């Protein structure tokens, strides 16, 4: 159970609206064996292993280039916890419980 966040940002798009580019990135992500959740600042992910995650990230990145962008700025944050199984929801609830 690996949790992560991915943001694929095309640059020099000549439009401040990037939703179609992001939807294309997510559409590419959907083809891999990962769970995702679209959030206000990037797409949240859950994967069973690093290989799938990297393949999903490469796919998302490539989809934006294929979509027509000549410059893509991609960010990936990985939270890999091996001494406990924690999904996105588990982590949210753990923090809330402590508030």
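Numbering follows the first chain given and starts at 1.
Asks: Comparing 89 to 97 with 3 to 11, where is the mean C-alpha B-factor higher?
Replies: Mean C-alpha B-factor is greater for 89 to 97.
Asks: Going by the recorded CA B-factors, say which third of the chain residue 84 sits in, lowest, middle or highest.
Replies: CA B-factor rank for residue 84: highest third.
Asks: Determine, from the deposited record, the chain-internal third of the Cα B-factor for residue 19: lowest, middle or highest.
Replies: Tercile = middle for this residue's CA B-factor.
Asks: Relative to the other modelled residues of the same chain, rank the CA B-factor of residue 58 and answer lowest, middle or highest third.
Replies: Answer is middle: the recorded C-alpha B-factor places it there.
Asks: If you rank every modelled residue in this chain by C-alpha B factor, which third holds residue 41: lowest, middle or highest?
Replies: Answer is highest: the recorded C-alpha B-factor places it there.
Asks: Check where residue 47 lands among this chain's C-alpha B-factors and tell me if it's the lowest, middle or highest third.
Replies: Lowest third.
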